[PDB]
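Novice: Sequence below, structure please.
(6 chains)
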Amino acid sequence: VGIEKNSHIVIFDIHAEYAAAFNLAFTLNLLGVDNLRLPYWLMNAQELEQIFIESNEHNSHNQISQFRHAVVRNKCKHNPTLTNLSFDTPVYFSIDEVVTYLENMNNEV
Amino acid sequence: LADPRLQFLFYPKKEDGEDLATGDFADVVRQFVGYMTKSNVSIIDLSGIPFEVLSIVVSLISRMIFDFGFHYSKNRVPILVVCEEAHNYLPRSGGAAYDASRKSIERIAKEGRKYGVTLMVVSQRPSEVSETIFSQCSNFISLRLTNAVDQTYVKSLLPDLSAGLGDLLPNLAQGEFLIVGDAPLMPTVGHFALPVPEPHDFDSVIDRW
Amino acid sequence: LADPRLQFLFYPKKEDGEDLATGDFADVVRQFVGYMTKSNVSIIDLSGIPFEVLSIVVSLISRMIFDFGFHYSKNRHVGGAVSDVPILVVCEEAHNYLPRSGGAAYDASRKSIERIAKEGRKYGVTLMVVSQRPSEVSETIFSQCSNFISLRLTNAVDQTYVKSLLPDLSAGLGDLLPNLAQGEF
Amino acid sequence: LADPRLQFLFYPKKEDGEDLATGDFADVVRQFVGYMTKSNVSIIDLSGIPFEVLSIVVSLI
Amino acid sequence: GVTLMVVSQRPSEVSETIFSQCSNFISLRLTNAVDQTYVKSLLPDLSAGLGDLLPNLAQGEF
Amino acid sequence: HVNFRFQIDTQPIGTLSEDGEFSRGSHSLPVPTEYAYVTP
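Specialist: Residues are numbered from 1 along each chain as shown, chains lettered A, B, ... in the order given. There you are, the coordinates:
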C-alpha cells in the first residue's frame, strides 16, 4: 500500500494485532464492534434458518414452512411495490411483526 | 432479543439516531469498500463478537465482498481478503457450526479471479486446515515448521521442493523463509527485515449490573 | 424439598435468619472473589452435593465469575487498563463431567466452561485442567491449551493421541513416555 | 437497448440499407462457410465484443 | 464433416468430457504438478522414461 | 563389544556463543575430529 494505486484490503482480525502497523494518502476506517452496523435481514435463507431455528422439535419443518413463507407475507405487506415476493429476497422488513404473526397462531380461536 | 451485546445485529442506529433505512444499504456497503480513489484499509475486530455468532458474520461479509465485484466488473481495482487464524473457522471436518463459512470461502477458491477479489491465508497449524482451499494457491511461503506431521504434509503439496529441501525447514533461523511457485525465477531462500511500526468497590460494578 | 441435604441453596440464610432480598446480591460474589487486594485461595468441595445436579451448580458459579470479570474489565476499558484482578480456576477430573459423550444434563454446563476457554483470556479468567484419561474428553477444550506437562503413560490407546497435539514434538523424545520412572515430567 | 456496443446485432443493415427479413436466410451463413470452392480462412475476433454475452454469442454460430 | 481443435494453457480445468474425444495429442513444457500428472493418464502410449523428460523440456520442444 | 564401542546420535537445536547469547536455528556444519562436551 505504498508506505515506507487503488487496492482495498479487508483484514479478519481475531486477536486485534494490526492497528499499530497502519497508524500514520489512504483512509483508515478502523472498524470495531459498536462502530459496526449490520442488519439481520440481509442474510440469506440458510443463516436465517441458523440463528434462531433449532432442530430438536421433531415436527419442526412444519414451523420451517410457516417461517419461510411467513416472512414473505410480512415483506409483501412491507413491499406493496414489489410482486411475487419470496423469502430469499433480502428487502427491508421487520421481525417483531412476524413474531406477532406467529403469536396469533397461539391466539387461535 | 433482550441479549444486550447482540443488539447491533437487530436494531442499529445512525449518528442522527435513526433506524437504518434501505437507502443507506450501499452506504454500509461502502463502509467496507470506500472511495475508489485513495484506496483504504479495513480492520474488523472479532474479539467482542460472541463465539456462537462468528461464522455467520463472515459468511455475510464474504457474500457482499464477492457480489459487489461481480456487479462492478460485469460490463467491464482489486480487493483482497486476509484471513488470519484461519483454522479456527475453516476446519477439515466439522459440524454445522462452522459449515456456514466453509461454503462462502471455498467458492472463491473455485473461481473469483475474474472479479478482483483474492484471498490470503495464515495458519500456524497448516495440517488441520481443510482440503480444498490450499490446492488453489499459486505461491507458497514457509517459515520454520518444527512439528513432524506438517513436514510431510507440506512436502506433499509442492513437489517442486527437492527431496532434500525439506530438511531445511527446522533449521530456519529468526526471519528466514522459503518461497516456491510461479512468481520466482528460481526457488530461493530469503531474509526479512524488521517492520516499523511493529504489530501489537464491588458495589460500583453491580450498580451497572 | 423433603431432602434435607439440598436445603442450603433453597434456604441460604445468615445467622440472623432473615430471608433473601434481591436488593443485595453482592455477597454471593464476595465469597468467590474473596478480597479486593490480597491473595485469596478459596477452596470448594463438591463431595457432599449429590452427584445428580453437580453440573448446574458449576455452571452457575462459572457464569457469575465470568460476568464479574467482564464488567470490571469494561470499567477498565473506559479506564484504559487491563483488569488487574485475575482469576484461575482449577478443574480436576473434568473428564468425569465434561465428556466427549454427554447427555443434555451435562450440556447445560459444558457450554458455560467452553465460554471461558475461547474468550476469557481477554478479560482475565484462566483455566487449568487436570486429567487421568486424556483422550476421553472433548477435543474442543483440550485444543485451546498452549503449555503442556506429561508424566508416565503405560497405556497406548491413550498414548497415541497426546502425541498429536503438543507443538514442539520430536520423534526421538516422544518414545521416552512409556518407559519413564515415577516422579518425572 | 441504449447500449451502443450491442446494436450491430440488434440492427443489421445491408449495403443498400433495406430492412432485414426472412426472405434471405441463406446469405447469412454464406459469410461463415465462405466460398463453395477456393476456401478461405474466415476469422472471428471477439476482443471488441463485451465479455457479458460471449457465451450466448458462440452457440448459434 | 465438422471437426474441432482445442488449445489450453492449463488443461485440467476444462470438462474432461471434451478432452476424452481427442485422439492425437501434442505437448510442450509442463511444470505445475496438478496440471502435469493428470495429462499423463489421458494420452495413450505414454511411458515412464519419456514422461519423466516432460518437465525439463526446453522452449520450442514438443 | 567385539574392544568397546559406544555410539551416540544427536539432532541440532541451536547455537550458543562465548559471551552467552543463544540463537535458535543453525546453519553451520561441524567438521569431524571435533570435541563434544557435557552441558555444565
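Novice: Would you mind measuring from the residue nearest the centre of chain F to chain B?
Specialist: Nearest residue to the geometric centre of chain F (C-alpha atoms, centre = their mean): residue F:36, 5.5 Å. From residue F:36 across to chain B, the span is 19 Å (C-beta to the nearest C-beta, to the nearest Å). To be clear about C-beta, it is placed using only N, CA and C from the backbone, and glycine gets the same treatment.
Novice: Give me the secondary structure label for that residue.
Specialist: At residue F:36 the chain is in coil, as set by DSSP: H, G, I helix; E, B strand; the rest coil.
Novice: do you know how far it is from residue F:30?
Specialist: 9 Å (C-beta to C-beta, to the nearest Å).
Novice: show me where chain F has strands.
Specialist: F:14-16, F:22-24 (DSSP state E).
Novice: For chain D, find the nearest of the ones you listed.
Specialist: Evaluated over these, closeness to chain D peaks at strand F:22-24, with 52.2 Å, by C-beta to the nearest C-beta.
Novice: What pairs with that closest one, parallel or antiparallel?
Specialist: Here strand F:22-24 is paired, per DSSP bridges, with strand F:14-16 (antiparallel).
Novice: all strands of chain C, in order?
Specialist: So, for chain C - with DSSP E - the strands run C:87-92, C:125-130.
Novice: Okay, buried residues for the first one please.
Specialist: For strand C:87-92, the buried set under the neighbour-count rule, 16 or more other C-beta atoms under 10 Å in any protein chain shown, comprises C:87, C:89, C:91.
Novice: How about the last one?
Specialist: By neighbour count on 16+ other C-beta under 10 Å, the buried set for strand C:125-130 is C:125, C:127, C:129.
Novice: any idea of the angle that strand forms with strand C:87-92?
Specialist: With axes from the mean of the first three to the mean of the last three C-alpha atoms, to 10 degrees defining the directions, strand C:125-130 sits at 20 degrees from strand C:87-92.
Novice: quick one: strand C:125-130 to chain centroid distance?
Specialist: Taking C-alpha atoms, centre = their mean, to the nearest Å, one finds strand C:125-130 lying 6 Å from the centre of the chain it belongs to.
Novice: cool, stretch C:123-136 as well?
Specialist: With C-alpha atoms, centre = their mean, you get 7 Å for stretch C:123-136.
Novice: Stretch C:122-140 too?
Specialist: 8 Å.
Novice: What parts of chain B come near chain F?
Specialist: Contact residues (C-beta under 8 Å from any C-beta of the partner chain) of chain B with chain F: B:144, B:171, B:172, B:173, B:174, B:176.
Novice: Do a quick rundown of the helices in chain B.
Specialist: B:7-10, B:25-32, B:54-73, B:99-110, B:131-135, B:148-157, B:202-208 (DSSP state H).
Novice: closest one to chain E among those?
Specialist: helix B:131-135 (6.8 Å).
Novice: helices or strands next to the closest one in the packing?
Specialist: For helix B:131-135, the helices and strands in contact under the criterion 3 or more C-beta pairs under 8 Å, 6 or more residues apart in numbering or on different chains; DSSP states H and E are helix B:99-110, strand B:117-121.
Novice: And for the shortest one, what's in contact with it?
Specialist: Just to be clear, that refers to strand B:117-121. B:65-66, B:69, B:78-83, B:86, B:105, B:108-109, B:112, B:129, B:133-134, B:137 (C-beta atoms under 8 Å, 6 or more residues apart in numbering or on different chains).
Novice: For those, which ChimeraX command selects only the ones that are buried?
Specialist: Selection of the buried residues among the contacts of strand B:117-121 in ChimeraX, burial being defined by 16+ other C-beta under 10 Å:
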select /B:65,66,69,79,81,82,83,86,105,108,112,129,133,134
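Novice: Break down chain A into its strands, ranges please.
Specialist: Under DSSP E, chain A gives strands at A:8-13.
Novice: Run through the residues that contact the spatially most central residue of it.
Specialist: Against the mean C-alpha coordinate of chain A, by C-alpha atoms, centre = their mean, the closest residue is residue A:40 at 2.8 Å. By C-beta under 8 Å, 6+ apart, the contact list for residue A:40 reads A:51, A:95, B:9, B:10.
Novice: coming back round to it: can you narrow the buried residues of strand C:125-130 down to the ones near chain B?
Specialist: Filtered for proximity to chain B (C-beta under 8 Å from any C-beta), the buried residues of strand C:125-130 leave an empty set.
Novice: Tell me the one among the residues you listed nearest to residue A:90.
Specialist: Nearest to residue A:90 among the buried residues of strand C:125-130: residue C:125, at 38.4 Å, using C-beta to C-beta.
Novice: my guess is the closest one contacts residue C:86, does it?
Specialist: Yes - between residue C:125 and residue C:86 there is a contact at 7.4 Å, judged by C-beta atoms under 8 Å.
Novice: which residue sits closest to residue C:90, ignoring its sequence neighbours?
Specialist: For residue C:90, ignoring the flanking residues on the chain, the nearest one in space by C-beta to C-beta, 6 or more residues apart in numbering or on different chains is residue C:128 at 4.7 Å.
Novice: Wait, the one you found touches residue C:89, no?
Specialist: Yes - checked against C-beta under 8 Å, the pair residue C:128 and residue C:89 is within contact range at 7.1 Å.
Novice: Please name whichever of the helices of chain B is nearest to residue F:5.
Specialist: Of all those, helix B:148-157 comes closest under C-beta to C-beta, at 30.0 Å.
Novice: So which residues make contact with that closest one?
Specialist: So helix B:148-157 is contacted by B:125-127, B:134-135, B:140, B:142, B:145, B:161, B:166, B:169-170, C:164, C:169-171 (C-beta under 8 Å, 6+ apart).
Novice: Kindly report the same for stretch C:68-88.
Specialist: By C-beta under 8 Å, 6+ apart, stretch C:68-88 touches B:204-205, B:208-209, C:29, C:33, C:65, C:120, C:122-128.
Novice: what does stretch C:89-105 give?
Specialist: The set of residues external to stretch C:89-105 that reach it, using C-beta under 8 Å, 6+ apart, is C:54-55, C:58, C:62, C:65, C:106, C:109-110, C:113, C:116, C:125-133, C:136-139, C:141.
Novice: just the buried members of the residues you listed?
Specialist: Buried, going by 16+ other C-beta under 10 Å: C:54-55, C:58, C:62, C:65, C:106, C:109-110, C:113, C:116, C:125, C:127, C:129, C:131, C:137-138, C:141, out of the contacts of stretch C:89-105.
Novice: Show me these that map onto helices.
Specialist: Per DSSP H, the subset of those in helices is C:54, C:55, C:58, C:62, C:65, C:106, C:109, C:110, C:113, C:116, C:141.
Novice: Make JSON lines out of the contacts of residue A:40 and add distance to residue A:73 and neighbour count.
Specialist: Compiled in JSON lines, those are given as follows (distance: C-beta to C-beta, whole Å; neighbours: other C-beta atoms under 10 Å in any protein chain shown):
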{"residue": "A:51", "distance to residue A:73": "20", "neighbour count": "15"}
{"residue": "A:95", "distance to residue A:73": "13", "neighbour count": "15"}
{"residue": "B:9", "distance to residue A:73": "23", "neighbour count": "19"}
{"residue": "B:10", "distance to residue A:73": "20", "neighbour count": "14"}
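Novice: and chain B, which residues reach chain C?
Specialist: So chain B meets chain C at B:47, B:51, B:146-149, B:201-206, B:208-209 (C-beta under 8 Å from any C-beta).
Novice: Which two of the residues you listed have the greatest separation?
Specialist: Within the residues of chain B next to chain C, two members stand farthest from each other by C-beta to C-beta: B:148 and B:203, at 54.8 Å.
Novice: of these two, who's got more company?
Specialist: Comparing residue B:148 with residue B:203 by other C-beta atoms under 10 Å in any protein chain shown, the one with more neighbours is residue B:148, at 14 against 8.
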